[PDB]
């Protein structure tokens, strides 16, 4: 009125007599209901938002009568939609608010009046929880009705006698209702159940409306696809149902992911449809995302879903074992050849081309094999953990270059290459003999032990040294200042004992006692932490390393060569199916 | 053998990658013993109070 | 800085005021920093686990007093201050790198 | 312990405090927390 706040209070309180008098003088002053007077200077909130936020147990049946003011004001189109301007709320519309409050009557009234169901609420508060926002639902009224556990209004909005927001419509993020529904999907039981139920309903409805292309196919700007998005973001709750989706209606057969081909009583040959878990290098697949990504929080249980686990096992038995054994054996033999070439490295130095003997010819063959494997490894690395492999490749290349120069005193790089490669040997052997605790061990204690040791060791060493050189301007030395003899003395103490000093001062013994006890109890704590962490690797870590090895091998050799998983039918049941056999007596 | 069991190792040198070799082998053997202890205690679990019964039978 | 000052502690003993060199000036700056931190720690302790911190502060103060006396054979208190302070170093590092098992270890087996 | 020791260490008259809030009926130095529940 004279000031907006009293109008806002009146609309919040739901008064009508004063309110239709307000309408009266608004008619008198020819002022549009969307004027700056009715919108905040900062937020620009209209009457409708404030009225709906004050929803009193669904008793806002009157404020539509207020909205009836609009056509009298002559500005109806812009009035319904409310394009907010706050960075904290950008684009939020009255329809979003009405649907949010979990009441369908006002949603029906607004949409029937012509509410713009295609609303892109690109507000910071609407962005995912990890992008500074608080709630992401797909930035669409239909996706907002969906994500918020609101079946009836998603049905109605898709079945209203007026403009009905097509499920296909993609927001700015490109998500669509399915992607949004998996975005807020939680791994908890209630969220998982409601999300999966509504997800089924939604996909079935879209299929019935659009048999030409099921909504699963349509991707986002990222391009993941709903299943791959539930995979990349650790959404086991949806994922585990996405894999095993089988429905009833005949018109909805294609939109299933687990057929049942034949049964013989207590044996069921369930035919999973992994039409997107292995693209043969064509596009991204759930296996690549699931295994070659660490942001997942539920990797181990997400590798336990039936088709993925059985498919890893099949790729292992069929081709993984042979290729892995060939690779590891070839690596070991080639590097043993390298090691023997180093052992038989031409004596007397100066190897310009010292090979005039049969054993010399064998040595030259071994060196050629070493260079070939090194250059091939460099090619793989550049085409492609990889850190150490590339270090080995470059070291081999440099050693070969220096050797071909016929210069001396530069075999050191060759020895470095040897030692780095054999250190990679344990990385490769991880997959053999069902091993791999060693890799966990190397990535567990390595840094902590060196950190603490180096620090306290050198530290008490210098503390010792100050007083020692205080005593002597003899025993630890003959002359001059060198902490090196004191370092040697401390090594003698820690590993050897029988320590000698010029003194024959007690704080020195205190230093020794403290460092010794600290290192011993450090080893004890490392043992305890390691045993706690591993817990026999929970029987899962090795499985993840195994999957890593299998997929690495599969990607290694070209896939145009016909090494693929099972195949299947042509139409109505050309889906590259995979089989699984399970017996149940229920 | 002197290095692993005895220490007080001597060389012609008086080259660092040698010390790296020594450190890596020593740490590997120690943590190998640790892992063997852990796996043994996990496996036995006081032989689950059954293995000895099978040997007895 | 304290530890390096001890390592570079003026040779031949008798440090009345032996700083006529650039490296000597750097050593004097390090010793001044040591005394400043020691006296500040004493101020915090008197204003204020605290046991060892106060021991370090008093040891630094006594070492500074003896050094300013220009007398010899009394750097021992300085070395005591150094070792006690670095023992407090683990107490302070408890909060860094999500550590702290070491403090539990020291208060578990020691006695 | 470390956090509170640090906070007490430097003077508090320097304006390093927790969240703030309203004036009356809701001058209580409130603090906020965000939690999502699907019940």
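Each position is counted from 1, following the chain as shown.
Per the header of the entry, the method used was electron microscopy, 4.0 Å.
Just so it is clear, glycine is given a Cβ too, placed from its N, Cα and C backbone atoms.
What Swiss-Prot records for A:323-343, A:409-429, A:445-472 is transmembrane segment, and it gives similarity to another entry as the kind of evidence. The topological domain 'Extracellular' annotation in Swiss-Prot covers A:344-360, A:405-408 and rests on similarity to another entry. Summarising the annotation, Swiss-Prot assigns topological domain 'Cytoplasmic' to A:430-444 and lists similarity to another entry as the type of evidence. Sequence annotations record features per position, and here Swiss-Prot assigns Ca(2+) binding site to A:498.
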Beyond the flanks of the transmembrane segment (A:409-429) by at least 6 residues, Cβ under 8 Å: 327-328, 331-332, 335, 338-339, 342, 345, 349, 374, 385, 388-389, 391-392, 395-396, 398-399, 402-403, 435, 438-439, 442
The topological domain 'Extracellular' (A:344-360), counted residue by residue under DSSP: helix, strand, coil: 3 helix, 0 strand, 14 coil
Under 8 Å by Cβ from the residue listed as 'Ca(2+) binding site', same chain, sequence gap 6 or more: A:492
Chain residues outside the topological domain 'Extracellular' (A:405-408) and at least six past its termini with a C-beta under 8 angstroms from it: 349-353
Remote residues contacting the topological domain 'Cytoplasmic' (A:430-444) - C-beta distance under 8 A, at least 6 residues beyond either end: 324-325, 328, 526, 529-530, 533-534, 537, 541-542, 545-546, 549
